[PDB]
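The chain below stands alone and is given as C-alpha coordinates, in the form deposited in one PDB entry.
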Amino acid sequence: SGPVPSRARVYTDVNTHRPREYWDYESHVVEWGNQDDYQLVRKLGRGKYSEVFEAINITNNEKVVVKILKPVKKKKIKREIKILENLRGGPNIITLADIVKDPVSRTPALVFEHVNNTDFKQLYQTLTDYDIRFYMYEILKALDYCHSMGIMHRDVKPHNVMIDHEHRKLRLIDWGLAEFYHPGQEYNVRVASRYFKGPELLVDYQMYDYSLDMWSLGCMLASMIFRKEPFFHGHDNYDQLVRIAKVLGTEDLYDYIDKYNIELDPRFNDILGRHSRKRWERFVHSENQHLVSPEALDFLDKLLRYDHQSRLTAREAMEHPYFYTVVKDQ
(Lines give C-alpha, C1' and ligand atoms only; values in the text may rest on other atoms or scores of the structure.)
Protein backbone atom coordinates (compact mmCIF):
# COMPACT_ATOMS: atom_id res chain seq x y z
CA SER A 1 0.00 0.00 0.00
CA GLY A 2 2.80 2.45 0.81
CA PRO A 3 4.48 3.60 4.01
CA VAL A 4 2.53 5.22 6.87
CA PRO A 5 3.19 8.99 7.19
CA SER A 6 5.01 10.60 10.10
CA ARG A 7 5.49 14.04 11.73
CA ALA A 8 8.17 15.47 14.10
CA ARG A 9 6.81 15.32 17.72
CA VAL A 10 8.13 18.83 18.43
CA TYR A 11 8.75 21.97 16.36
CA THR A 12 6.57 20.48 13.69
CA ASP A 13 5.30 23.70 12.03
CA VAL A 14 7.94 26.25 12.90
CA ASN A 15 8.88 26.81 9.27
CA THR A 16 5.31 27.20 8.08
CA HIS A 17 4.93 30.19 10.46
CA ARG A 18 8.04 31.93 9.10
CA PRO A 19 8.22 34.34 6.19
CA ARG A 20 8.79 32.05 3.18
CA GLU A 21 12.21 33.78 2.61
CA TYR A 22 13.38 32.00 5.77
CA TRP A 23 13.13 28.47 4.28
CA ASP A 24 12.78 29.07 0.54
CA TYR A 25 16.57 29.07 0.00
CA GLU A 26 16.43 28.65 -3.85
CA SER A 27 15.47 32.30 -3.89
CA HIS A 28 18.32 33.43 -1.64
CA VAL A 29 20.54 36.07 -3.19
CA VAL A 30 24.20 35.80 -2.13
CA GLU A 31 25.99 39.12 -1.61
CA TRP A 32 29.63 38.49 -2.13
CA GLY A 33 32.39 39.71 0.17
CA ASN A 34 35.84 40.78 -1.02
CA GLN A 35 38.13 37.84 -1.70
CA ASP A 36 41.33 39.95 -1.49
CA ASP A 37 40.35 40.38 2.16
CA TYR A 38 41.64 36.82 2.93
CA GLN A 39 45.10 35.28 2.44
CA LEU A 40 45.36 31.46 2.76
CA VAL A 41 47.95 30.40 5.32
CA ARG A 42 47.82 26.58 5.21
CA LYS A 43 45.71 23.62 4.40
CA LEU A 44 43.78 22.14 7.35
CA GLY A 45 41.91 19.34 5.68
CA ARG A 46 40.42 17.88 2.58
CA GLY A 47 36.87 16.56 2.24
CA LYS A 48 34.34 15.12 -0.22
CA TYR A 49 32.64 18.52 -0.52
CA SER A 50 35.41 20.97 0.21
CA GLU A 51 39.00 21.84 1.13
CA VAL A 52 39.54 23.68 4.36
CA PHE A 53 42.27 26.26 5.02
CA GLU A 54 43.43 28.56 7.71
CA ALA A 55 43.56 32.16 6.42
CA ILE A 56 44.11 35.75 7.58
CA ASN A 57 41.67 38.55 7.16
CA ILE A 58 44.19 41.25 6.22
CA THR A 59 41.78 44.13 6.82
CA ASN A 60 41.76 43.48 10.57
CA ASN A 61 44.57 40.93 11.09
CA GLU A 62 42.19 38.12 12.35
CA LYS A 63 42.59 34.39 11.82
CA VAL A 64 39.70 32.71 9.97
CA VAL A 65 38.87 29.35 8.39
CA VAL A 66 38.13 29.18 4.72
CA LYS A 67 36.10 26.36 3.16
CA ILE A 68 36.56 26.27 -0.60
CA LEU A 69 33.63 24.38 -2.11
CA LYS A 70 34.05 21.59 -4.58
CA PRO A 71 31.64 22.00 -7.54
CA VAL A 72 28.13 21.17 -6.49
CA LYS A 73 24.63 22.26 -7.45
CA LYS A 74 24.12 25.91 -6.68
CA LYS A 75 20.88 24.96 -4.86
CA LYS A 76 22.97 23.06 -2.28
CA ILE A 77 25.28 26.09 -1.84
CA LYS A 78 22.26 28.43 -1.24
CA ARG A 79 20.83 25.90 1.21
CA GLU A 80 23.99 25.75 3.35
CA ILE A 81 24.45 29.51 3.31
CA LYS A 82 20.79 30.21 4.22
CA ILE A 83 20.91 27.72 7.11
CA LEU A 84 24.20 29.22 8.44
CA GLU A 85 22.69 32.70 8.26
CA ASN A 86 19.44 31.67 9.97
CA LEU A 87 21.43 29.88 12.79
CA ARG A 88 24.13 32.53 13.21
CA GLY A 89 24.47 33.60 16.90
CA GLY A 90 22.82 30.35 18.16
CA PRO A 91 24.56 28.47 20.93
CA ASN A 92 27.57 26.41 19.80
CA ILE A 93 26.78 27.02 16.10
CA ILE A 94 29.89 27.83 13.98
CA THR A 95 29.64 31.49 12.77
CA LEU A 96 29.75 32.21 9.02
CA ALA A 97 31.61 35.46 8.67
CA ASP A 98 31.72 36.01 4.91
CA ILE A 99 31.23 34.43 1.48
CA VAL A 100 33.65 35.05 -1.39
CA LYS A 101 34.44 33.74 -4.90
CA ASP A 102 37.69 31.86 -4.93
CA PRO A 103 39.83 33.25 -7.79
CA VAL A 104 41.07 29.70 -8.54
CA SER A 105 38.12 27.21 -8.28
CA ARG A 106 35.74 30.12 -9.24
CA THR A 107 33.49 28.45 -6.71
CA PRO A 108 32.30 29.93 -3.48
CA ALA A 109 34.47 29.91 -0.42
CA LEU A 110 32.74 30.19 2.94
CA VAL A 111 34.66 32.05 5.63
CA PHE A 112 34.11 31.12 9.26
CA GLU A 113 35.28 32.36 12.70
CA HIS A 114 38.43 30.51 13.69
CA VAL A 115 38.34 27.51 16.12
CA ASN A 116 41.27 25.66 17.82
CA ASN A 117 40.35 21.95 17.71
CA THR A 118 41.93 19.02 19.43
CA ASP A 119 41.12 16.36 16.81
CA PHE A 120 38.72 13.78 18.27
CA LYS A 121 41.24 10.99 17.41
CA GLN A 122 43.49 12.24 20.31
CA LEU A 123 40.63 13.81 22.49
CA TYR A 124 38.17 10.93 23.14
CA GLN A 125 41.16 8.93 24.39
CA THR A 126 41.57 11.43 27.25
CA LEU A 127 37.93 12.39 28.15
CA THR A 128 36.78 12.01 31.77
CA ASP A 129 33.29 10.85 32.69
CA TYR A 130 32.56 14.49 33.53
CA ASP A 131 33.85 15.87 30.20
CA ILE A 132 31.64 13.51 28.25
CA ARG A 133 28.55 14.82 30.12
CA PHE A 134 29.71 18.42 29.71
CA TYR A 135 30.38 18.08 25.95
CA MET A 136 27.21 16.06 25.26
CA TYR A 137 25.28 18.78 27.05
CA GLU A 138 26.85 21.47 24.79
CA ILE A 139 26.01 19.53 21.64
CA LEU A 140 22.37 19.24 22.80
CA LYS A 141 22.24 22.97 23.14
CA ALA A 142 23.25 23.31 19.49
CA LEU A 143 20.80 20.64 18.34
CA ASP A 144 17.84 21.90 20.36
CA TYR A 145 18.47 25.37 19.00
CA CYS A 146 18.76 24.25 15.37
CA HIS A 147 15.71 21.98 15.78
CA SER A 148 13.71 24.84 17.24
CA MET A 149 14.76 26.94 14.24
CA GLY A 150 13.25 24.37 11.88
CA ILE A 151 16.55 22.77 10.83
CA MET A 152 17.98 19.25 10.95
CA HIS A 153 21.76 18.90 10.84
CA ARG A 154 21.78 15.41 9.23
CA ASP A 155 25.54 14.81 9.63
CA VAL A 156 26.17 14.61 13.36
CA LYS A 157 29.49 12.83 14.00
CA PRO A 158 32.81 13.43 15.79
CA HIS A 159 34.50 15.28 12.81
CA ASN A 160 31.63 17.78 12.91
CA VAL A 161 31.95 18.69 16.57
CA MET A 162 35.00 20.94 17.16
CA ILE A 163 36.12 21.25 20.75
CA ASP A 164 38.58 23.71 22.02
CA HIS A 165 39.38 21.66 25.17
CA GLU A 166 41.60 24.30 26.79
CA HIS A 167 38.59 26.68 26.74
CA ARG A 168 35.79 24.11 27.16
CA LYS A 169 34.23 25.42 23.99
CA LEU A 170 32.37 23.52 21.33
CA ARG A 171 31.14 24.24 17.77
CA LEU A 172 28.89 22.22 15.54
CA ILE A 173 30.22 22.66 12.02
CA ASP A 174 29.52 21.43 8.45
CA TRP A 175 25.92 22.37 7.72
CA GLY A 176 26.23 21.29 4.09
CA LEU A 177 23.81 18.39 4.46
CA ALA A 178 21.48 20.28 6.84
CA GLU A 179 17.77 20.68 5.66
CA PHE A 180 14.60 22.63 6.67
CA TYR A 181 12.03 20.37 8.28
CA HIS A 182 8.46 20.53 6.71
CA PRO A 183 5.74 18.14 7.81
CA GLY A 184 4.90 15.58 5.12
CA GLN A 185 8.21 16.07 3.24
CA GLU A 186 10.04 13.05 1.88
CA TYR A 187 13.83 13.56 2.19
CA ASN A 188 16.83 11.97 0.54
CA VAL A 189 18.04 9.06 2.74
CA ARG A 190 21.63 9.32 1.43
CA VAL A 191 22.86 11.65 4.11
CA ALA A 192 25.06 11.37 7.16
CA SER A 193 28.13 9.24 7.44
CA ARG A 194 27.52 5.48 7.43
CA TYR A 195 28.27 4.76 11.10
CA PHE A 196 25.98 7.51 12.29
CA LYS A 197 23.04 6.67 9.98
CA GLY A 198 19.61 6.12 11.55
CA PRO A 199 17.55 2.99 10.81
CA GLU A 200 15.12 5.33 8.95
CA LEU A 201 17.86 5.96 6.44
CA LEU A 202 19.01 2.32 6.22
CA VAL A 203 15.52 0.91 5.45
CA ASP A 204 14.70 3.89 3.15
CA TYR A 205 11.95 5.58 5.23
CA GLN A 206 11.99 9.10 3.76
CA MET A 207 9.54 10.93 5.97
CA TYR A 208 12.07 11.49 8.76
CA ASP A 209 12.76 14.51 11.02
CA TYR A 210 14.98 16.12 13.67
CA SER A 211 15.05 12.82 15.57
CA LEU A 212 17.59 11.62 12.93
CA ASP A 213 20.19 13.78 14.74
CA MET A 214 19.40 12.12 18.06
CA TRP A 215 20.26 8.64 16.73
CA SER A 216 23.63 10.07 15.50
CA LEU A 217 24.19 11.61 18.88
CA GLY A 218 23.47 8.18 20.43
CA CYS A 219 26.19 6.63 18.19
CA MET A 220 28.67 9.24 19.37
CA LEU A 221 27.74 8.71 22.98
CA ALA A 222 28.10 4.97 22.67
CA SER A 223 31.65 5.31 21.33
CA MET A 224 32.80 7.69 23.99
CA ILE A 225 31.48 5.67 27.01
CA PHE A 226 32.47 2.27 25.60
CA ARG A 227 35.75 3.50 23.95
CA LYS A 228 34.94 1.89 20.58
CA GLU A 229 34.97 4.52 17.81
CA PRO A 230 33.02 4.24 15.59
CA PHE A 231 30.58 2.17 17.65
CA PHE A 232 28.45 0.48 14.93
CA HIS A 233 31.24 -0.07 12.41
CA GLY A 234 29.43 -1.42 9.24
CA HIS A 235 31.16 -1.97 5.88
CA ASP A 236 28.23 -0.73 3.84
CA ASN A 237 24.62 0.45 4.40
CA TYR A 238 23.30 -3.12 4.50
CA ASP A 239 25.91 -4.38 7.00
CA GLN A 240 25.32 -1.20 9.02
CA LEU A 241 21.74 -2.21 9.78
CA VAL A 242 22.90 -5.76 10.59
CA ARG A 243 25.44 -4.46 13.13
CA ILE A 244 22.64 -2.43 14.82
CA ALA A 245 20.23 -5.33 14.75
CA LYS A 246 22.84 -7.47 16.54
CA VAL A 247 22.66 -5.08 19.49
CA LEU A 248 19.10 -3.63 19.49
CA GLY A 249 17.55 -6.90 18.44
CA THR A 250 15.45 -7.90 15.45
CA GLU A 251 12.07 -8.00 17.16
CA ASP A 252 12.00 -4.18 17.58
CA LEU A 253 13.29 -3.71 14.06
CA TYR A 254 10.41 -5.71 12.57
CA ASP A 255 7.85 -4.00 14.83
CA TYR A 256 9.21 -0.76 13.44
CA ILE A 257 8.99 -1.79 9.81
CA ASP A 258 5.46 -3.20 10.45
CA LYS A 259 4.30 0.04 12.23
CA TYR A 260 5.34 2.34 9.34
CA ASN A 261 4.46 -0.33 6.77
CA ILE A 262 7.94 0.01 5.30
CA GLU A 263 8.87 -2.00 2.18
CA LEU A 264 12.05 -3.76 3.31
CA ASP A 265 14.61 -4.18 0.49
CA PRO A 266 14.70 -7.90 -0.60
CA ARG A 267 18.49 -7.78 0.04
CA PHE A 268 17.86 -7.58 3.85
CA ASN A 269 16.07 -10.99 3.91
CA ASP A 270 19.04 -13.29 4.20
CA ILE A 271 21.36 -11.02 6.16
CA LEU A 272 19.35 -9.75 9.10
CA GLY A 273 18.53 -13.11 10.75
CA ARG A 274 17.07 -13.17 14.27
CA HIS A 275 18.87 -11.44 17.10
CA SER A 276 18.01 -10.83 20.71
CA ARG A 277 18.36 -7.34 22.15
CA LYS A 278 21.59 -7.25 24.18
CA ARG A 279 22.14 -5.74 27.69
CA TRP A 280 24.60 -2.86 27.58
CA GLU A 281 26.69 -4.59 30.26
CA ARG A 282 28.20 -6.79 27.53
CA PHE A 283 30.24 -3.83 26.19
CA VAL A 284 31.54 -2.83 29.64
CA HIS A 285 35.15 -3.86 30.44
CA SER A 286 38.04 -2.78 32.68
CA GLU A 287 39.25 0.00 30.35
CA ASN A 288 35.80 1.72 30.00
CA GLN A 289 33.95 1.06 33.29
CA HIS A 290 35.00 4.42 34.71
CA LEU A 291 32.90 6.02 31.84
CA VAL A 292 29.80 3.85 32.16
CA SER A 293 27.16 4.36 34.83
CA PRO A 294 23.46 3.42 35.25
CA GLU A 295 22.70 7.02 34.17
CA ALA A 296 24.83 6.85 31.04
CA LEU A 297 23.11 3.65 29.89
CA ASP A 298 19.56 4.75 30.60
CA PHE A 299 20.31 7.90 28.54
CA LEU A 300 22.01 6.01 25.66
CA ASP A 301 19.11 3.60 25.60
CA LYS A 302 16.59 6.35 25.15
CA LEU A 303 18.49 7.74 22.11
CA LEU A 304 19.14 4.44 20.27
CA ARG A 305 15.62 3.42 19.23
CA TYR A 306 14.64 2.23 15.80
CA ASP A 307 11.33 4.13 15.95
CA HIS A 308 12.35 7.70 15.43
CA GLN A 309 9.16 8.87 17.23
CA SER A 310 10.38 7.02 20.36
CA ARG A 311 13.73 8.81 20.77
CA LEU A 312 14.30 11.64 23.29
CA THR A 313 14.04 15.16 21.84
CA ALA A 314 17.15 17.27 22.37
CA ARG A 315 15.22 19.18 25.11
CA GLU A 316 14.13 15.92 26.87
CA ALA A 317 17.76 14.73 26.57
CA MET A 318 18.87 17.84 28.43
CA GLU A 319 16.63 17.02 31.44
CA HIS A 320 18.08 13.57 31.81
CA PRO A 321 19.70 12.58 35.21
CA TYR A 322 22.98 11.97 33.30
CA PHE A 323 23.35 15.84 33.17
CA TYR A 324 22.25 16.87 36.81
CA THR A 325 25.84 17.58 37.85
CA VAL A 326 26.67 19.59 34.70
CA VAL A 327 23.37 21.55 34.97
CA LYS A 328 24.34 22.29 38.65
CA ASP A 329 27.90 23.52 37.94
CA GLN A 330 26.34 25.64 35.15
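C-alpha atoms forming the largest set that superposes within 1.5 Å between two forms make up the rigid core. In case it trips you up, residue 1 is the first one in the sequence shown, and so on.
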Notebook entry, point to check: Which is higher in the entry, the mean Cα B factor of 122-130 or that of 84-92?
Noted result: 122-130
Item checked: Greater mean Cα temperature factor according to the PDB record, 40-48 or 22-30 -> 40-48
Next item on the list: Name the residue from 103, 184, 150, 198 with the greatest C-alpha temperature factor listed in the entry.
Entry: 103
Notebook entry, point to check: Quick one: which of 113, 138, 144, 98 has the biggest Cα B-factor according to the entry?
Noted result: 113
Checklist line | Entry-reported Cα temperature factor of residue 209, expressed as the chain third it lands in | finding: lowest
Check: By its CA B factor, does residue 256 count among the lowest, middle or highest third of the modelled residues in the chain?
Finding: middle
Check: Can you tell me which third, lowest, middle or highest, the CA B-factor of residue 216 falls into for its chain?
Finding: lowest
Margin query: How does the C-alpha B factor of residue 117 compare with the rest of the chain: lowest, middle or highest third?
Written below: highest
Next item on the list: Going by the recorded CA B-factors, say which third of the chain residue 173 sits in, lowest, middle or highest.
Entry: lowest
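Separately, the form deposited in another entry exists; it is not shown, and the next lines address it.
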Notebook entry, point to check: Only one of 95, 148, 185, 105 shifts by 2 Å or more at CA between the shown form and the other one when the core is aligned; which is it?
Noted result: 105
Notebook entry, point to check: Taking the rigid core as reference, does the Cα of residue 168 move 2 Å or more between the shown form and the other one?
Noted result: no
Item checked: Core-aligned CA displacement of residue 121 at least 2 Å between the shown form and the other one -> yes
